[PDB]
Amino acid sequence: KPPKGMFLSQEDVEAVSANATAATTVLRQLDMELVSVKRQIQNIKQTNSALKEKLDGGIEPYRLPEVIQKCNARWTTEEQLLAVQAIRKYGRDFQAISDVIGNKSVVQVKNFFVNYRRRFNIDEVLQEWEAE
């Protein structure tokens, strides 16, 4: 039932009444708590200012142009050899392997494993990737 814009809890009343200078004690500890949080802002925003300095330039110098290469259904001997090495470096990450080759969808790369399992000992290649 307290009036709007007034805040009066049993706990707060008891904490101001408890002592003869409890009120003034409670108000200074919030003042010191506030000065303490305001200096911890200055510290982190000055730390954050330094990290922004180090990121000046972004990654625009190290950015590589986009590849506009059109996915092809036919597997060249090159593409097969790229794939086996992609299976060796990356695991079952079908997405990365497609990106490396550059003209094989995740669907196409999915099938490669079953067709060539026998011929490119892909089980052995995965075991070699797991051991590292």
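Don't overthink the numbering: it's just position in the shown sequence, from 1.
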Of 66 to 74 and 29 to 37, the stretch with the higher mean C-alpha B-factor in the deposited entry is 66 to 74
Averaging C-alpha B-factors over each stretch, which comes out higher, 102 to 110 or 80 to 88? 102 to 110
Quick check on the deposited entry: does the C-alpha B-factor of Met6 sit in the lowest, middle or highest third of its chain? lowest
Can you tell me which third, lowest, middle or highest, the CA B-factor of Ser17 falls into for its chain? highest
Quick check on the deposited entry: does the C-alpha B-factor of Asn121 sit in the lowest, middle or highest third of its chain? lowest
